[PDB]
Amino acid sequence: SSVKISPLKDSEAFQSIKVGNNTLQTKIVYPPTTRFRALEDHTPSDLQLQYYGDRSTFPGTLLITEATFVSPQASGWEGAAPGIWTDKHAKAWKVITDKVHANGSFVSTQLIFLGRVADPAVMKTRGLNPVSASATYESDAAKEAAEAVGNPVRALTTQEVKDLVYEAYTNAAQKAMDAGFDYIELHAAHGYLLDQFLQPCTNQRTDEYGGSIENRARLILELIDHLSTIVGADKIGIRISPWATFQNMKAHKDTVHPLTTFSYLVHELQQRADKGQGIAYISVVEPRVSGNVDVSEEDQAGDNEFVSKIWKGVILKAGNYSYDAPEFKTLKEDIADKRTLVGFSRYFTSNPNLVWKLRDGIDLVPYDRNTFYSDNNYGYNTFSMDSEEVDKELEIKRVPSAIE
């Protein structure tokens, strides 16, 4: 069912806010949203071009791309997600960042590393293992599945870690800059690699990257400091989901509480800002939400309020913000401080002009969870056409080709 909504045009959501060196004209953001419409070889496609161009028509909007791989070792998905380690990649993404820029908008890229939840069948085809902070499995099934193909998860060595910072991520930060990205965002949420490293249930390392709160955070901060000196702090973002239990993160039930784990981290980030090295934004994930799925009113067990008392800079919040629609009481409270942005993912998928719709209170077209993760244009770029010209076949046949 469609969602009736009131206008946000006169709210703080259309007041300008400086994020790094760029000024957005709306505080409404498209957060990183995986869609598996990249080409086979992990390169951006003619579909992604239209799909990102489509959503940048409100001048000065900030778009954040789907999780993108930093390297072959960082992948692990059965679907076609994009990468940004080769020149092939970058030059293609370039065509897209140009498109968004020509519309006065901005675009940040989320850098992801799967780690302990990589599909062992696929890593095998790259002559790779599944890796992680320690050698753990999401589920009991995910561990057997891995062994069956003879490709168990192995823990990175103190050396392979350093190479992530100075070879793996560095290369991608640079291909990103070559690609035209206005920011890059370290995906430190949803129980992927960096989240794996941050929290005790997935990180029982004995070296300097494990063993204490400080150690566990050690790696994330090394990427921040080093990448700050390659792209500049003003182009670095990070995402966190303190409360999510996606891919089996213990969250509030771990041996160290997320408040403890993430205040430490956030407050370290603030100290850097104090010395003039503040990153652009901290992207957090509201407790209503966990990964790509809602959390029920009864299981929410915290908030991200602590982030606001510790970090003085820009915050990006997302997660089912139309729950108290059509008035948006909650969203308006969250943006009251005038340094907070608000993310709309799923409703962005089916509302290419979402920023416009929210501005003028136009009813939100519902989203097709069925076509989130499929491999064709059906349920992807269709929402931009007039519904009565959509040819469900022709469009299901339409897979990602190449650009130009």
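Residue positions are given as counts along the sequence shown, with the first one as 1.
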{"item": "228-236 set against 152-160, stretch whose average Cα temperature factor tops the other in the entry", "value": "152-160"}
{"item": "Average Cα temperature factor in the PDB entry - higher stretch of 50-58, 367-375", "value": "367-375"}
{"item": "196, 108, 75, 308, ranked by C-alpha B-factor: the highest one", "value": "75"}
{"item": "Out of 185, 298, 182, 334, residue topping the C-alpha B-factor column of the entry", "value": "298"}
{"item": "Chain thirds of CA B-factor: placement of residue 125", "value": "highest"}
{"item": "Chain-relative CA temperature factor third for residue 141", "value": "highest"}
{"item": "Entry-reported Cα temperature factor of residue 213, expressed as the chain third it lands in", "value": "highest"}
{"item": "Relative C-alpha B-factor of residue 85, binned into the chain's lowest, middle or highest third", "value": "highest"}
{"item": "Where the record places residue 384 (Cα B-factor, split into thirds across the chain)", "value": "highest"}
